[PDB]
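The lines below spell out each chain.
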Amino acid sequence: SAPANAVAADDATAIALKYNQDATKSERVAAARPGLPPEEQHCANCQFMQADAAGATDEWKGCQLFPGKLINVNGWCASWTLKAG
Ligand code: SF4
């Protein structure tokens, strides 16, 4: 069900980013980045999400910091930045 080009939790990029699909387990609540309450924070409302990304699907879109691979919209990383436009 996850794409082959899913971001791996153990990607070097993901380790650096502290990317996690499991937004409940995610450091987001601990980190409490400014923008919107941690519970709201995920790739879904991240400035850097790329839903245009080739091979994007239901729960699975791109992220600027994760080219070629797809993050899960539900997930979060330390770089999470509030959806502008
Ligand atoms: S930058 Fe945003 S979209 Fe990308 S992985 Fe982090 S939280 Fe998700």
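### Brief notes about the overall build of the chain
Line of reasoning, step 1. From N to C terminus, the chain includes two helices and three strands.
Line of reasoning, step 2. Moving toward the C terminus, one meets the helices and strands of the chain in the order α-α-β-β-β.
Line of reasoning, step 3. Counting every atom, the chain has about 4,800 Å² of accessible surface; 54% of that belongs to carbon and sulfur.
Line of reasoning, step 4. Here the chain contributes 7 positively and 9 negatively charged side chains, and the mean placements of these two sets differ by 4 Å.

### Some details on the UniProt feature "binding site: [4Fe-4S] cluster" in the chain
Line of reasoning, step 1. Feature annotation in UniProt assigns "binding site: [4Fe-4S] cluster" to the following positions: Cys 43, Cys 46, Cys 63 and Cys 77. Across 35 residues of sequence, these annotated residues stay compact in space, with a maximum C-alpha separation of 10.3 Å.
Line of reasoning, step 2. With respect to the element layout, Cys 46 can be found in the loop between α2 (28–31) and β1 (49–50).
Line of reasoning, step 3. The class of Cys 46 is buried, set by a relative accessible area of 10%.

### Describing the sheet that holds β1
Line of reasoning, step 1. Taken in spatial order, the three strands of this open sheet run β1-β2-β3, and their pairing is antiparallel. Edge positions in the open sheet fall to β1 and β3 (66–72), since each of these has one partner strand only.
Line of reasoning, step 2. In terms of strand pairing, β1 meets strand β2 (residues 60–63) through two bridges, oriented antiparallel. Each residue of the ladder has a partner; that of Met 49, found in β2, is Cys 63.

Rules of the game
Residues numbered from 1 in each chain as written, not as in the entry; some residues may be left out. Heavy atoms only, no water. Helix = DSSP H or I, 4+ residues; strand = E, 2+ residues; numbered from the N terminus. Areas by Shrake-Rupley, 256 points an atom, 1.4 Å probe, with all protein chains shown as cover. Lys, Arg positive; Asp, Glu negative; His and termini not counted. Charge placed at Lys NZ, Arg CZ, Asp CG, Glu CD. UniProt positions renumbered as here; feature names shortened; annotations may be inferred. Buried < 20%, exposed > 50% of the residue type's maximum accessible area, 1.4 Å probe, protein only. Pairing = 2+ DSSP bridges.

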